[PDB]
C-alpha cells in the first residue's frame, strides 16, 4: 500500500490534519493504534461520570471518513520509519509508502510502581476509562495517585458515577506546578469540604489497606509517544521538534499535537492539537501556513472551582509577592521588578485573565506599593 498523505495516529491532531488536507490532497490515509475513530479525548471523564459511550465522544462518525474518502486503518501500530525510502513499518510487518508523513502519535501515560497494588490503572484511552469504570464497581472505591488536574477531575467523575474516591499525593499540597503552597492548600480545603479528600505527604507503603481495597489509578502526567522514531534522525527532546510549518528535522515529515515540541513548548492541550494538526495538513498539501503559539487554558472543570495559572509559579524567584485569600477566591501575583512575571487565581477567571494579559503583554507597573495599585492598572 502507498498513499500521498500518511497520518501516523488518529487522535484530535491527526484528525485535524486529515480535515485540513481535504479537497487539497486526494489520497489520505490515517493509521490508528486504537479500535476507535478520532474522539474528543478530554471528555473521557464523562464516559465515567455520565455513562456515555465511545459514540458520544467521536469527532466524526464512520460515514464522514467514507464520504470524504479518508482511509482509516484501525488497530494498527507504526513501529518504524524509513525516511529515505518513505516507508512506515507497522507491527504486522506490513509497510506503507508515503509522499508526506504527518506524525500525530500523541502521548503516553507515565508509569510508576505503586506498593501494595496488584493492578495499576491510568486514564488515557477510551478502553482505559472502561477498565476504570468496572474496577470501581468491582472494588467499590477508587484511590487516585497524583497531584494534578486530571487526578482531581477523575476523582469527581468517579464520585459522580456513584463510587467514593480519594487522592494520594507525595507533596504537602496539590497542583504544585500551577499554584504556590498557600494556593494549593486553599484548593485542598475547598476540595476537602466538597468531599474530595487528598492524602498529603503520602507514603504508599503505609497505605496498604486503602490501596488493596481500591481501584488504583495513577495520574502522574504524560509524555510524547515517539519510540517509533528511535532509529531515524528525526530531532526530539521531550517531543518531536517542529518549526512553525510543523516540519520536523527531516524533509517531508511533519509532526503536530501532543507529540510535537515547538520552541521548547509541549503543553499537551487539545486546542494546540487541533491547530497544529491543521497547519501540518495544510503544509503537507503545499500551503505554507504558520502556526503561532496560542495558548491560554482556563483550568479546571472540577467541583465548580475555577483556576487560571500563568508563568513559572513553581520555581519563581520574584522580587515581590502579593497574595490575597478570600472566602470565594485566592490570588497570588509574583513580580519581577515592575512587571508581573507569574500569577494564579482560584475562583475568579475574569481576574486571572486580566493578570494573564498583563503578564503576556509584559505590562510595566510604575506603582508596586500595593496589590490594590496593581489591580487598578490591569
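Numbering follows the first chain given and starts at 1.
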Going by the entry, of stretches 310 to 318 and 349 to 357 the one with greater average Cα B-factor is 310 to 318
Test of understanding: from the entry's C-alpha B-factors, which stretch has the higher mean, 258 to 266 or 295 to 303? 295 to 303
Using only the C-alpha B-factors in the record, can you name which of 125, 178, 290, 201 has the highest? 290
Per the PDB entry, maximal CA B factor within 186, 143, 121, 77: 77
Quick check for you: using the entry's CA B-factors within this chain, is residue 59 in the lowest, middle or highest third? lowest
Entry-reported Cα temperature factor of residue 67, expressed as the chain third it lands in: highest
Ranked C-alpha temperature factor of residue 48 among modelled chain residues, by third: middle
Using only modelled residues of the chain, where does the Cα B factor of residue 41 rank: lowest third, middle third or highest third? lowest
Lowest, middle or highest third: where is residue 373 by C-alpha B factor in its chain? middle
